[PDB]
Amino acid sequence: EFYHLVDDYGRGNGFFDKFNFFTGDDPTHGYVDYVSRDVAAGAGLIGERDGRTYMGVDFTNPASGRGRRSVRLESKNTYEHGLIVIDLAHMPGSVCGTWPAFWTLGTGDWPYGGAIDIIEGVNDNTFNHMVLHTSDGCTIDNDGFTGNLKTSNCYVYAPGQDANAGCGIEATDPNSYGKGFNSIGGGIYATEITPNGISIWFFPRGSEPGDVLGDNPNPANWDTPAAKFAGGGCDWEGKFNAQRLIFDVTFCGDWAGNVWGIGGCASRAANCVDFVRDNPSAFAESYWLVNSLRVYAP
């Protein structure tokens, strides 16, 4: 009557089979070494934990080569419109030097297909950042959400663009990300993509609507979203094409590495790379633990 399931991603190997593992150099120039599925499994970076799907980074070995070992999974299936609901028992922590992201990326050359960052942050961030990335000609309005809008222009390369490289809204619940989020047993992030805009809701563990995990979720009746990206300043239908789901954790790089020295992690090491290379144990909390990932369509 409102939305129907188009994909339940399951768990474990069945879940992994639905993604391609990216092993190229990090597009955001981080100190990371994205490894293949076989290598990741051999290093304990992916697996199943009591029925939940685990995706993490190397928190054992001093790093070498391209950087600290991690994985970047990109879905084989793509969606032009729909509702993506992820129930997470855990997400990468608020760890200095890290830059985790659960997001979507359109087809074609970046940023022409658009991109939607659902869960994202850097270093010791407390609040989740929800950010879109588009080509020029896409700005957002100020209403319909509970978060704090930080940037209004989604064009990645706009004139005085923020380090978030897009139009971002910051959550106001400190349990929306990292440490706080893990401390409460996680929660659910629901993202709706329509021809008129994108909305993202965050439900801390136990507060989610009774229909968000079922077979007919209906966002029209949910409380105000944490972020809403809409308005006449953007062609929402044309700026985003078929999106693939992505899980990753990179380190340092364009955002985390560039703001390292001016933030709360500055005293940990002269620069981000030194820290990530020499302190493997610092990254134990940098993992995703999925209860369920389901995509729906109207």
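All residue numbers refer to positions in the sequence shown, first residue = 1.
As listed in the deposited structure, the average C-alpha B-factor of 124 to 132 and of 158 to 166 is greater for 158 to 166.
The entry assigns its greatest Cα B factor, within the set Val212, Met91, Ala101, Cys96, to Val212. Of all the options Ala270, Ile246, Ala40, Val249, the entry's greatest CA B-factor is assigned to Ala270.
For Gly231, the recorded CA temperature factor ranks within the highest third of the chain's modelled residues. Residue-level temperature factors show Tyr54 in the lowest third of its chain, judged at the C-alpha atom. The deposited CA B-factor of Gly65 belongs to the highest third of values across its chain. When all modelled residues of the chain are sorted by CA temperature factor, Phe203 is found within the middle third. Sort the chain's modelled residues by C-alpha temperature factor and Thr23 lands in the middle third, per the entry.
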